[PDB]
$ cat run17.cif   # mmCIF, C-alpha atoms and all ligand atoms
data_final
#
loop_
_atom_site.group_PDB
_atom_site.id
_atom_site.type_symbol
_atom_site.label_atom_id
_atom_site.label_comp_id
_atom_site.auth_asym_id
_atom_site.auth_seq_id
_atom_site.Cartn_x
_atom_site.Cartn_y
_atom_site.Cartn_z
ATOM 1 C CA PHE A 1 6.571 -2.179 26.209
ATOM 2 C CA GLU A 2 4.205 -1.607 29.182
ATOM 3 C CA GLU A 3 0.684 -0.310 28.392
ATOM 4 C CA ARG A 4 0.421 2.013 31.447
ATOM 5 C CA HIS A 5 3.196 4.075 29.838
ATOM 6 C CA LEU A 6 1.455 4.681 26.497
ATOM 7 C CA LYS A 7 0.001 8.186 26.738
ATOM 8 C CA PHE A 8 -2.772 8.763 24.153
ATOM 9 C CA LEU A 9 -2.237 11.802 21.857
ATOM 10 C CA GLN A 10 -4.642 11.394 18.966
ATOM 11 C CA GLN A 11 -6.700 9.005 16.877
ATOM 12 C CA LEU A 12 -5.164 8.379 13.424
ATOM 13 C CA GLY A 13 -7.589 5.926 11.673
ATOM 14 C CA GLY A 14 -8.626 -2.244 13.176
ATOM 15 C CA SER A 15 -7.636 1.170 14.664
ATOM 16 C CA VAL A 16 -4.374 3.173 14.893
ATOM 17 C CA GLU A 17 -3.520 5.804 17.569
ATOM 18 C CA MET A 18 -0.662 8.307 17.988
ATOM 19 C CA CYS A 19 0.829 7.736 21.486
ATOM 20 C CA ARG A 20 3.802 8.762 23.581
ATOM 21 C CA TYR A 21 5.717 5.944 25.316
ATOM 22 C CA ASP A 22 6.944 7.651 28.449
ATOM 23 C CA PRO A 23 8.146 5.439 31.349
ATOM 24 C CA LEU A 24 10.007 8.460 32.829
ATOM 25 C CA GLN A 25 6.616 10.318 33.034
ATOM 26 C CA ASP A 26 8.708 13.143 31.706
ATOM 27 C CA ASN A 27 7.006 13.888 28.369
ATOM 28 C CA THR A 28 10.508 13.032 27.012
ATOM 29 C CA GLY A 29 9.837 9.584 25.599
ATOM 30 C CA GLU A 30 9.192 9.088 21.919
ATOM 31 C CA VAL A 31 5.906 9.388 20.037
ATOM 32 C CA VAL A 32 4.843 6.050 18.480
ATOM 33 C CA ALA A 33 2.006 4.559 16.419
ATOM 34 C CA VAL A 34 -0.152 1.930 18.131
ATOM 35 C CA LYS A 35 -2.367 -0.484 16.135
ATOM 36 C CA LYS A 36 -5.052 -2.573 17.854
ATOM 37 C CA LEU A 37 -8.475 -4.170 17.095
ATOM 38 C CA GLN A 38 -11.925 -2.535 17.369
ATOM 39 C CA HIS A 39 -14.142 -5.652 17.964
ATOM 40 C CA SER A 40 -11.896 -8.727 18.038
ATOM 41 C CA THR A 41 -12.568 -12.404 17.340
ATOM 42 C CA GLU A 42 -9.946 -15.143 17.842
ATOM 43 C CA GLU A 43 -9.766 -15.311 14.027
ATOM 44 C CA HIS A 44 -8.949 -11.562 13.683
ATOM 45 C CA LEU A 45 -6.573 -11.993 16.645
ATOM 46 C CA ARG A 46 -4.857 -14.948 14.918
ATOM 47 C CA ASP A 47 -4.229 -12.932 11.744
ATOM 48 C CA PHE A 48 -3.134 -9.890 13.758
ATOM 49 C CA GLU A 49 -0.396 -11.952 15.435
ATOM 50 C CA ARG A 50 0.744 -13.100 11.968
ATOM 51 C CA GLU A 51 0.869 -9.468 10.799
ATOM 52 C CA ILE A 52 2.965 -8.643 13.891
ATOM 53 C CA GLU A 53 5.367 -11.466 13.033
ATOM 54 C CA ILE A 54 5.454 -10.395 9.366
ATOM 55 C CA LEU A 55 6.346 -6.844 10.432
ATOM 56 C CA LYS A 56 9.062 -7.879 12.927
ATOM 57 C CA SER A 57 10.517 -10.084 10.192
ATOM 58 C CA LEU A 58 10.987 -7.089 7.876
ATOM 59 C CA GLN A 59 13.913 -4.663 8.158
ATOM 60 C CA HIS A 60 14.019 -2.251 5.208
ATOM 61 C CA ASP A 61 14.131 1.454 4.562
ATOM 62 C CA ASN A 62 10.778 1.750 2.748
ATOM 63 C CA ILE A 63 8.904 -0.485 5.236
ATOM 64 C CA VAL A 64 7.614 1.081 8.468
ATOM 65 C CA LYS A 65 9.662 -0.254 11.421
ATOM 66 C CA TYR A 66 8.411 -2.645 14.094
ATOM 67 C CA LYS A 67 9.115 -1.256 17.575
ATOM 68 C CA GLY A 68 7.380 -3.784 19.817
ATOM 69 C CA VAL A 69 4.065 -5.095 21.179
ATOM 70 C CA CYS A 70 2.100 -5.022 24.441
ATOM 71 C CA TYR A 71 -0.663 -6.870 26.344
ATOM 72 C CA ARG A 72 -3.846 -10.497 26.640
ATOM 73 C CA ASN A 73 -5.185 -7.410 24.723
ATOM 74 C CA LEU A 74 -2.639 -7.109 21.949
ATOM 75 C CA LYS A 75 -1.366 -3.764 20.644
ATOM 76 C CA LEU A 76 1.194 -3.433 17.839
ATOM 77 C CA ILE A 77 3.741 -0.588 18.213
ATOM 78 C CA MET A 78 5.622 1.061 15.338
ATOM 79 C CA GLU A 79 7.595 4.170 14.471
ATOM 80 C CA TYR A 80 5.457 7.259 13.972
ATOM 81 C CA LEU A 81 5.895 8.665 10.473
ATOM 82 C CA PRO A 82 4.777 12.305 10.858
ATOM 83 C CA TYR A 83 3.239 13.155 7.457
ATOM 84 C CA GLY A 84 0.558 10.440 7.261
ATOM 85 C CA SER A 85 -0.669 8.520 4.224
ATOM 86 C CA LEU A 86 0.865 9.392 0.885
ATOM 87 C CA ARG A 87 -2.710 9.572 -0.364
ATOM 88 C CA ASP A 88 -3.643 12.554 1.853
ATOM 89 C CA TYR A 89 -0.185 14.084 1.675
ATOM 90 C CA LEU A 90 -0.424 14.344 -2.111
ATOM 91 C CA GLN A 91 -3.866 15.975 -1.893
ATOM 92 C CA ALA A 92 -2.499 18.453 0.639
ATOM 93 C CA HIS A 93 0.878 19.316 -0.949
ATOM 94 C CA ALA A 94 0.589 18.923 -4.778
ATOM 95 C CA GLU A 95 2.301 22.272 -5.520
ATOM 96 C CA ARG A 96 5.705 21.083 -4.279
ATOM 97 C CA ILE A 97 5.371 17.524 -5.560
ATOM 98 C CA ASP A 98 6.544 17.394 -9.165
ATOM 99 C CA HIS A 99 6.898 14.405 -11.480
ATOM 100 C CA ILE A 100 10.533 13.795 -10.485
ATOM 101 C CA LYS A 101 9.037 13.595 -6.986
ATOM 102 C CA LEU A 102 6.235 11.184 -7.946
ATOM 103 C CA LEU A 103 8.909 8.941 -9.525
ATOM 104 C CA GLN A 104 10.946 9.140 -6.331
ATOM 105 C CA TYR A 105 8.172 7.694 -4.206
ATOM 106 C CA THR A 106 7.432 5.168 -6.979
ATOM 107 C CA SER A 107 10.936 3.745 -6.875
ATOM 108 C CA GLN A 108 10.895 3.659 -3.069
ATOM 109 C CA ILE A 109 7.695 1.579 -3.187
ATOM 110 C CA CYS A 110 9.168 -0.887 -5.771
ATOM 111 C CA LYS A 111 12.263 -1.259 -3.634
ATOM 112 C CA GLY A 112 9.992 -1.989 -0.678
ATOM 113 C CA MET A 113 8.059 -4.559 -2.710
ATOM 114 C CA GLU A 114 11.240 -6.134 -4.121
ATOM 115 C CA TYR A 115 12.282 -6.706 -0.518
ATOM 116 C CA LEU A 116 8.915 -8.204 0.368
ATOM 117 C CA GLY A 117 9.316 -10.497 -2.672
ATOM 118 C CA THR A 118 12.643 -11.835 -1.437
ATOM 119 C CA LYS A 119 10.761 -12.937 1.715
ATOM 120 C CA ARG A 120 7.976 -14.465 -0.397
ATOM 121 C CA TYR A 121 5.375 -12.139 1.185
ATOM 122 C CA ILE A 122 2.378 -10.986 -0.807
ATOM 123 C CA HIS A 123 1.023 -7.577 0.191
ATOM 124 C CA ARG A 124 -2.529 -7.668 -1.215
ATOM 125 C CA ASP A 125 -3.451 -4.057 -0.384
ATOM 126 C CA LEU A 126 -0.980 -1.856 -2.308
ATOM 127 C CA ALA A 127 -2.616 1.558 -2.591
ATOM 128 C CA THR A 128 -1.524 5.099 -1.769
ATOM 129 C CA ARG A 129 -3.578 5.072 1.439
ATOM 130 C CA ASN A 130 -1.231 2.352 2.797
ATOM 131 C CA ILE A 131 1.961 4.262 2.070
ATOM 132 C CA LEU A 132 3.303 6.492 4.830
ATOM 133 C CA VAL A 133 5.386 9.618 4.283
ATOM 134 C CA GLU A 134 8.373 9.980 6.683
ATOM 135 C CA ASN A 135 9.527 13.212 5.085
ATOM 136 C CA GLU A 136 9.750 15.084 1.772
ATOM 137 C CA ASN A 137 12.220 12.558 0.362
ATOM 138 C CA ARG A 138 11.120 9.244 1.829
ATOM 139 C CA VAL A 139 7.998 7.116 1.888
ATOM 140 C CA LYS A 140 7.341 3.713 3.404
ATOM 141 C CA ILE A 141 4.883 0.877 2.914
ATOM 142 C CA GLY A 142 3.025 1.369 6.157
ATOM 143 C CA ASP A 143 0.400 -1.351 6.646
ATOM 144 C CA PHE A 144 0.476 -5.130 6.357
ATOM 145 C CA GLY A 145 -3.024 -6.121 7.481
ATOM 146 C CA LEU A 146 -3.674 -8.237 4.417
ATOM 147 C CA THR A 147 -0.095 -9.445 3.709
ATOM 148 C CA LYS A 148 0.385 -13.255 3.269
ATOM 149 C CA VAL A 149 3.300 -15.716 3.170
ATOM 150 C CA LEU A 150 3.566 -17.789 -0.002
ATOM 151 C CA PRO A 151 3.554 -21.554 0.642
ATOM 152 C CA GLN A 152 6.898 -23.326 0.085
ATOM 153 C CA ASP A 153 5.724 -25.211 -3.011
ATOM 154 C CA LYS A 154 3.075 -22.952 -4.624
ATOM 155 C CA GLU A 155 4.103 -19.479 -5.826
ATOM 156 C CA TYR A 156 0.667 -17.927 -5.256
ATOM 157 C CA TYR A 157 -1.858 -17.948 -2.402
ATOM 158 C CA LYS A 158 -5.627 -18.380 -2.334
ATOM 159 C CA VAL A 159 -8.223 -16.598 -0.144
ATOM 160 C CA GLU A 160 -15.214 -6.392 1.875
ATOM 161 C CA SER A 161 -12.177 -5.965 -0.377
ATOM 162 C CA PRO A 162 -10.501 -3.283 -2.539
ATOM 163 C CA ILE A 163 -11.672 -4.635 -5.893
ATOM 164 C CA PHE A 164 -10.642 -1.585 -7.882
ATOM 165 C CA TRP A 165 -6.993 -2.488 -7.207
ATOM 166 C CA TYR A 166 -7.306 -6.269 -7.860
ATOM 167 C CA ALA A 167 -5.820 -8.287 -10.702
ATOM 168 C CA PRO A 168 -8.302 -10.284 -12.802
ATOM 169 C CA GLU A 169 -7.190 -13.624 -11.327
ATOM 170 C CA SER A 170 -7.796 -12.253 -7.788
ATOM 171 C CA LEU A 171 -11.282 -11.210 -8.767
ATOM 172 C CA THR A 172 -12.132 -14.549 -10.441
ATOM 173 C CA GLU A 173 -10.050 -17.128 -8.524
ATOM 174 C CA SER A 174 -8.883 -15.267 -5.386
ATOM 175 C CA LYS A 175 -5.284 -15.831 -6.504
ATOM 176 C CA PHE A 176 -2.720 -13.448 -5.014
ATOM 177 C CA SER A 177 0.932 -13.440 -6.079
ATOM 178 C CA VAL A 178 3.876 -11.121 -6.773
ATOM 179 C CA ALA A 179 2.189 -10.623 -10.140
ATOM 180 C CA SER A 180 -1.052 -9.403 -8.508
ATOM 181 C CA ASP A 181 0.946 -7.027 -6.277
ATOM 182 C CA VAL A 182 2.449 -5.724 -9.525
ATOM 183 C CA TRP A 183 -0.974 -5.220 -11.020
ATOM 184 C CA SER A 184 -1.814 -3.275 -7.879
ATOM 185 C CA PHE A 185 1.455 -1.319 -8.097
ATOM 186 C CA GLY A 186 0.323 -0.175 -11.497
ATOM 187 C CA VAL A 187 -2.763 1.278 -9.826
ATOM 188 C CA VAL A 188 -0.570 2.943 -7.230
ATOM 189 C CA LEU A 189 1.400 4.564 -10.076
ATOM 190 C CA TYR A 190 -1.849 5.595 -11.716
ATOM 191 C CA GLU A 191 -2.988 7.172 -8.403
ATOM 192 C CA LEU A 192 0.190 9.221 -7.983
ATOM 193 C CA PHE A 193 -0.096 10.762 -11.459
ATOM 194 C CA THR A 194 -3.744 11.652 -10.931
ATOM 195 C CA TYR A 195 -2.678 13.578 -7.816
ATOM 196 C CA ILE A 196 -5.709 11.962 -6.220
ATOM 197 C CA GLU A 197 -8.120 14.225 -8.093
ATOM 198 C CA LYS A 198 -11.161 12.616 -6.363
ATOM 199 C CA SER A 199 -13.106 11.929 -9.612
ATOM 200 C CA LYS A 200 -10.005 10.284 -11.161
ATOM 201 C CA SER A 201 -9.716 7.760 -8.351
ATOM 202 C CA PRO A 202 -9.731 4.165 -9.628
ATOM 203 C CA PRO A 203 -13.293 3.566 -8.301
ATOM 204 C CA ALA A 204 -14.773 6.677 -9.937
ATOM 205 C CA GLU A 205 -13.169 5.877 -13.310
ATOM 206 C CA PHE A 206 -14.088 2.224 -13.322
ATOM 207 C CA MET A 207 -17.688 3.033 -12.263
ATOM 208 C CA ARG A 208 -17.843 5.574 -15.104
ATOM 209 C CA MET A 209 -16.825 2.767 -17.505
ATOM 210 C CA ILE A 210 -19.173 0.129 -16.008
ATOM 211 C CA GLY A 211 -22.058 2.643 -15.795
ATOM 212 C CA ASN A 212 -22.710 4.396 -12.464
ATOM 213 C CA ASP A 213 -26.189 2.819 -12.434
ATOM 214 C CA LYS A 214 -24.576 -0.611 -11.807
ATOM 215 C CA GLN A 215 -24.892 -1.516 -8.101
ATOM 216 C CA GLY A 216 -24.426 -4.062 -5.344
ATOM 217 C CA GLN A 217 -22.717 -7.332 -6.196
ATOM 218 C CA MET A 218 -22.834 -6.956 -10.008
ATOM 219 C CA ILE A 219 -20.131 -4.270 -9.948
ATOM 220 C CA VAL A 220 -17.453 -6.963 -9.481
ATOM 221 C CA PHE A 221 -18.758 -8.996 -12.426
ATOM 222 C CA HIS A 222 -18.926 -6.036 -14.797
ATOM 223 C CA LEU A 223 -15.430 -5.061 -13.632
ATOM 224 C CA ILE A 224 -14.292 -8.583 -14.560
ATOM 225 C CA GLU A 225 -15.752 -8.296 -18.077
ATOM 226 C CA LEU A 226 -14.242 -4.818 -18.587
ATOM 227 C CA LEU A 227 -10.772 -6.100 -17.704
ATOM 228 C CA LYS A 228 -11.236 -9.221 -19.928
ATOM 229 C CA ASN A 229 -12.130 -6.946 -22.905
ATOM 230 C CA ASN A 230 -8.974 -4.880 -22.270
ATOM 231 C CA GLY A 231 -10.844 -1.949 -20.708
ATOM 232 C CA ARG A 232 -8.283 -0.060 -18.586
ATOM 233 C CA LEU A 233 -7.806 3.017 -16.351
ATOM 234 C CA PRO A 234 -7.088 5.902 -18.726
ATOM 235 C CA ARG A 235 -3.856 7.886 -18.960
ATOM 236 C CA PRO A 236 -4.203 10.721 -16.393
ATOM 237 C CA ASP A 237 -3.579 14.366 -17.286
ATOM 238 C CA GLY A 238 0.059 15.224 -17.828
ATOM 239 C CA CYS A 239 1.150 11.651 -17.400
ATOM 240 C CA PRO A 240 3.913 11.159 -20.008
ATOM 241 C CA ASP A 241 3.201 8.166 -22.298
ATOM 242 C CA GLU A 242 6.393 6.377 -21.206
ATOM 243 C CA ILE A 243 4.913 6.214 -17.728
ATOM 244 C CA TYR A 244 1.409 5.184 -18.809
ATOM 245 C CA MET A 245 3.144 2.306 -20.634
ATOM 246 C CA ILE A 246 4.556 1.051 -17.318
ATOM 247 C CA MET A 247 1.023 1.011 -15.899
ATOM 248 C CA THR A 248 -0.469 -0.770 -18.909
ATOM 249 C CA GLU A 249 2.315 -3.344 -18.791
ATOM 250 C CA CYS A 250 1.606 -3.898 -15.099
ATOM 251 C CA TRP A 251 -2.068 -4.412 -16.080
ATOM 252 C CA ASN A 252 -1.567 -7.383 -18.317
ATOM 253 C CA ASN A 253 -4.258 -10.077 -18.180
ATOM 254 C CA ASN A 254 -1.405 -12.581 -18.563
ATOM 255 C CA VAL A 255 0.157 -13.103 -15.144
ATOM 256 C CA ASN A 256 3.781 -13.968 -16.055
ATOM 257 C CA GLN A 257 3.996 -11.329 -18.782
ATOM 258 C CA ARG A 258 3.875 -8.743 -15.947
ATOM 259 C CA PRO A 259 7.187 -6.993 -15.060
ATOM 260 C CA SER A 260 9.175 -7.808 -11.920
ATOM 261 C CA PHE A 261 9.727 -5.235 -9.184
ATOM 262 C CA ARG A 262 13.382 -5.310 -10.286
ATOM 263 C CA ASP A 263 12.456 -4.455 -13.857
ATOM 264 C CA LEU A 264 10.220 -1.661 -12.502
ATOM 265 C CA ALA A 265 12.670 -0.255 -9.964
ATOM 266 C CA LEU A 266 15.354 0.119 -12.648
ATOM 267 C CA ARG A 267 12.981 1.313 -15.392
ATOM 268 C CA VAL A 268 11.547 4.016 -13.112
ATOM 269 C CA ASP A 269 15.006 5.254 -12.011
ATOM 270 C CA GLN A 270 16.266 5.477 -15.615
ATOM 271 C CA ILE A 271 13.162 7.500 -16.536
ATOM 272 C CA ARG A 272 13.712 9.686 -13.426
ATOM 273 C CA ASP A 273 17.254 10.710 -14.394
ATOM 274 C CA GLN A 274 16.203 12.020 -17.837
ATOM 275 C CA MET A 275 13.769 14.776 -16.755
HETATM 276 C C1 LIG A 301 1.725 2.885 11.640
HETATM 277 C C2 LIG A 301 1.906 4.344 11.482
HETATM 278 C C3 LIG A 301 1.039 5.353 11.139
HETATM 279 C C4 LIG A 301 1.813 6.538 11.158
HETATM 280 N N1 LIG A 301 1.342 7.793 10.884
HETATM 281 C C5 LIG A 301 0.059 8.201 10.509
HETATM 282 N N2 LIG A 301 -0.896 7.296 10.236
HETATM 283 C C6 LIG A 301 -2.086 7.793 9.881
HETATM 284 O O1 LIG A 301 -3.180 6.966 9.560
HETATM 285 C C7 LIG A 301 -3.003 5.553 9.879
HETATM 286 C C8 LIG A 301 -4.364 4.917 10.052
HETATM 287 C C9 LIG A 301 -2.218 4.843 8.811
HETATM 288 N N3 LIG A 301 -1.500 3.787 9.207
HETATM 289 C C10 LIG A 301 -0.779 3.167 8.258
HETATM 290 C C11 LIG A 301 -0.777 3.603 6.955
HETATM 291 F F1 LIG A 301 -0.058 2.984 6.023
HETATM 292 C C12 LIG A 301 -1.543 4.695 6.632
HETATM 293 N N4 LIG A 301 -2.278 5.326 7.560
HETATM 294 C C13 LIG A 301 -2.300 9.152 9.798
HETATM 295 F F2 LIG A 301 -3.501 9.592 9.435
HETATM 296 C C14 LIG A 301 -1.285 10.041 10.088
HETATM 297 N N5 LIG A 301 -1.445 11.465 10.015
HETATM 298 C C15 LIG A 301 -0.402 12.307 10.603
HETATM 299 C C16 LIG A 301 -0.998 13.389 11.495
HETATM 300 O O2 LIG A 301 -2.140 14.000 10.862
HETATM 301 C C17 LIG A 301 -3.151 13.029 10.576
HETATM 302 C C18 LIG A 301 -2.635 12.108 9.483
HETATM 303 N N6 LIG A 301 -0.100 9.533 10.448
HETATM 304 N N7 LIG A 301 3.079 6.256 11.497
HETATM 305 N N8 LIG A 301 3.116 4.936 11.688
#
$ encode --input "run17.cif" --output "structure tokens"
Amino acid sequence: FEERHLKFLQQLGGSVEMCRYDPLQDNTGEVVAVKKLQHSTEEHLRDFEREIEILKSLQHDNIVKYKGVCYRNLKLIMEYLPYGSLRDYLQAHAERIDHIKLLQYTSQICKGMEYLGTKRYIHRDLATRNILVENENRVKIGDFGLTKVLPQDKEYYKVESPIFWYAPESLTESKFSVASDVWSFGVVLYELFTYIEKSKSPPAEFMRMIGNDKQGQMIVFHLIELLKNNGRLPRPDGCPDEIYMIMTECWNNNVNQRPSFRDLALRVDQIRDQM
């Protein structure tokens, strides 16, 4: 990839642009997504090149595809998935997204995570805003900016952050593992069944429980106490209990009592087929 051939189409959201890669200057070439860095240190740049090598290393159906790279001034290039983040897509198109449909995306995400697991990668940022929609029937894990490789010996890894998706051990000890991704997956499943009703978002609900008057750096500590005393995100409207139970089992204070992404994949599919 040569950067004089990337024609800028629009800003998408660290920064991501929609571009056309068009060496024939023909407007024929394909539209792609281009990630780069806003204000870049050699530290950010060193983690960005890891991300790039984590993405190239992954070839799965529910993981956005690596296309290439281009420089010097690094840009990451990936397939353009035309419907954007599952988080906005759900807000936009709730009327034609039914529960069978929620469960479809759910199982596509587990399958994507399962695959990550077999490479010993830890995602760290599982949330609906990092899931891309390719079309009505397919979603993909679409960002890997916080993903980490487990060390050969240890089966966990230590490190602003998305605290309302974090497992207790990540909040208290900065421990990230397949088990903390599962905790987070539970929050992703919660999200879906709330249909992203803004005041049912995990931050709004947790702040309600903590007290909205709580501020600054104490939020994280009160969140830690809530989770220790088995405070949890409530069952959202219309969520069938069987499905809430999957969430609550993902949100177990005990790390190895949490389900595997295999367990979850299969348990979601079986539930799917009975509605
Ligand atoms: C890497 C990538 C991003 C996309 N598509 C996309 N990305 C968006 O936001 C970026 C920041 C993003 N990247 C990765 C994610 F996982 C989630 N979001 C959009 F906003 C959007 N839209 C489509 C056209 O209307 C605007 C929304 N479409 N395809 N491939």
$ closest_atom_pairs --input "run17.cif" --of "chain A" --to "ligand LIG 301 (chain A)" --cutoff "7 Å" --atoms "all atoms listed in the file" --output "JSON lines"
{"residue": "A:12", "atom": "CA", "partner": "A:LIG301", "partner_atom": "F2", "distance": 4.5}
{"residue": "A:13", "atom": "CA", "partner": "A:LIG301", "partner_atom": "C8", "distance": 3.7}
{"residue": "A:15", "atom": "CA", "partner": "A:LIG301", "partner_atom": "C8", "distance": 6.8}
{"residue": "A:16", "atom": "CA", "partner": "A:LIG301", "partner_atom": "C8", "distance": 5.1}
{"residue": "A:33", "atom": "CA", "partner": "A:LIG301", "partner_atom": "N8", "distance": 4.9}
{"residue": "A:34", "atom": "CA", "partner": "A:LIG301", "partner_atom": "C1", "distance": 6.8}
{"residue": "A:35", "atom": "CA", "partner": "A:LIG301", "partner_atom": "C1", "distance": 6.9}
{"residue": "A:64", "atom": "CA", "partner": "A:LIG301", "partner_atom": "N8", "distance": 6.7}
{"residue": "A:78", "atom": "CA", "partner": "A:LIG301", "partner_atom": "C1", "distance": 5.7}
{"residue": "A:79", "atom": "CA", "partner": "A:LIG301", "partner_atom": "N8", "distance": 5.3}
{"residue": "A:80", "atom": "CA", "partner": "A:LIG301", "partner_atom": "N7", "distance": 3.6}
{"residue": "A:81", "atom": "CA", "partner": "A:LIG301", "partner_atom": "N7", "distance": 3.8}
{"residue": "A:82", "atom": "CA", "partner": "A:LIG301", "partner_atom": "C15", "distance": 5.2}
{"residue": "A:83", "atom": "CA", "partner": "A:LIG301", "partner_atom": "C15", "distance": 4.9}
{"residue": "A:84", "atom": "CA", "partner": "A:LIG301", "partner_atom": "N6", "distance": 3.4}
{"residue": "A:85", "atom": "CA", "partner": "A:LIG301", "partner_atom": "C12", "distance": 4.6}
{"residue": "A:129", "atom": "CA", "partner": "A:LIG301", "partner_atom": "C12", "distance": 5.6}
{"residue": "A:130", "atom": "CA", "partner": "A:LIG301", "partner_atom": "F1", "distance": 3.5}
{"residue": "A:131", "atom": "CA", "partner": "A:LIG301", "partner_atom": "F1", "distance": 4.6}
{"residue": "A:132", "atom": "CA", "partner": "A:LIG301", "partner_atom": "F1", "distance": 5.0}
{"residue": "A:141", "atom": "CA", "partner": "A:LIG301", "partner_atom": "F1", "distance": 6.2}
{"residue": "A:142", "atom": "CA", "partner": "A:LIG301", "partner_atom": "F1", "distance": 3.5}
{"residue": "A:143", "atom": "CA", "partner": "A:LIG301", "partner_atom": "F1", "distance": 4.4}
$ write_last_selection --input "run17.cif" --atoms "C-alpha atoms" --output "short mmCIF file (atom, residue, chain, number, x, y, z; two decimals), in the frame of the given file"
data_model
loop_
_atom_site.label_atom_id
_atom_site.label_comp_id
_atom_site.auth_asym_id
_atom_site.auth_seq_id
_atom_site.Cartn_x
_atom_site.Cartn_y
_atom_site.Cartn_z
CA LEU A 12 -5.16 8.38 13.42
CA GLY A 13 -7.59 5.93 11.67
CA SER A 15 -7.64 1.17 14.66
CA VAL A 16 -4.37 3.17 14.89
CA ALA A 33 2.01 4.56 16.42
CA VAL A 34 -0.15 1.93 18.13
CA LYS A 35 -2.37 -0.48 16.14
CA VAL A 64 7.61 1.08 8.47
CA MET A 78 5.62 1.06 15.34
CA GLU A 79 7.60 4.17 14.47
CA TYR A 80 5.46 7.26 13.97
CA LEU A 81 5.90 8.66 10.47
CA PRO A 82 4.78 12.30 10.86
CA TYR A 83 3.24 13.16 7.46
CA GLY A 84 0.56 10.44 7.26
CA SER A 85 -0.67 8.52 4.22
CA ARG A 129 -3.58 5.07 1.44
CA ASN A 130 -1.23 2.35 2.80
CA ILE A 131 1.96 4.26 2.07
CA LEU A 132 3.30 6.49 4.83
CA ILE A 141 4.88 0.88 2.91
CA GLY A 142 3.02 1.37 6.16
CA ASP A 143 0.40 -1.35 6.65
#
$ closest_atom_pairs --input "run17.cif" --of "stretch 127-191 of chain A" --to "stretch 202-207 of chain A" --cutoff "9 Å" --atoms "all atoms listed in the file" --output "CSV"
residue,atom,partner,partner_atom,distance
A:163,CA,A:203,CA,8.7
A:164,CA,A:203,CA,5.8
A:165,CA,A:202,CA,7.6
A:187,CA,A:202,CA,7.5
A:190,CA,A:202,CA,8.3
A:191,CA,A:202,CA,7.5
$ closest_residue --input "run17.cif" --among "A:246, A:66, A:77, A:92" --to "residue A:20" --atoms "only C-alpha atoms"
A:77
$ closest_residue --input "run17.cif" --among "A:120, A:235, A:5, A:60" --to "residue A:178" --atoms "all atoms listed in the file"
A:120
$ atom_distance --input "run17.cif" --atom1 "atom CA of residue A:125" --atom2 "atom CA of residue A:30"
28.8 Å
$ resolve_selection --input "run17.cif" --expression "the PyMOL selection byres (((chain A and resi 220-222) around 12) and not hetatm)" --output "number ranges by chain"
A: 160-168, 170-172, 203, 206-219, 223-229, 231
$ atom_distance --input "run17.cif" --atom1 "atom CA of residue A:36" --atom2 "atom CA of residue A:127"
21.0 Å
$ resolve_selection --input "run17.cif" --expression "the PyMOL selection byres (((chain A and resi 68) around 12) and not hetatm)" --output "list in words"
residues 1, 2, 3, 21, 32, 33, 34, 35, 52, 53, 55, 56, 57, 65, 66, 67, 69, 70, 71, 74, 75, 76, 77, 78 and 79 of chain A
$ resolve_selection --input "run17.cif" --expression "the PyMOL selection byres (((chain A and resi 181) around 7) and not hetatm)" --output "list in words"
residues 122, 123, 124, 126, 177, 178, 179, 180, 182, 183, 184 and 185 of chain A
$ closest_residue --input "run17.cif" --among "A:273, A:22, A:237, A:136" --to "residue A:97" --atoms "all atoms listed in the file"
A:136
$ closest_residue --input "run17.cif" --among "A:51, A:169, A:114, A:197" --to "residue A:260" --atoms "all atoms listed in the file"
A:114
$ closest_residue --input "run17.cif" --among "A:133, A:257, A:43, A:7" --to "residue A:26" --atoms "all atoms listed in the file"
A:7
$ atom_distance --input "run17.cif" --atom1 "atom CA of residue A:14" --atom2 "atom CA of residue A:37"
4.4 Å
$ closest_residue --input "run17.cif" --among "A:110, A:159, A:100, A:139" --to "residue A:264" --atoms "all atoms listed in the file"
A:110
$ residues_near_point --input "run17.cif" --point "(-5.9, -19.4, -0.3)" --cutoff "12 Å" --atoms "only C-alpha atoms" --output "list in words"
residues 122, 148, 149, 150, 151, 154, 155, 156, 157, 158, 159, 170, 173, 174, 175, 176 and 177 of chain A
$ axis_aligned_box --input "run17.cif" --around "stretch 189-204 of chain A" --padding-each-side "8 Å" --output "JSON"
{"center_x": -6.7, "center_y": 8.9, "center_z": -9.0, "size_x": 32.2, "size_y": 26.7, "size_z": 21.5}
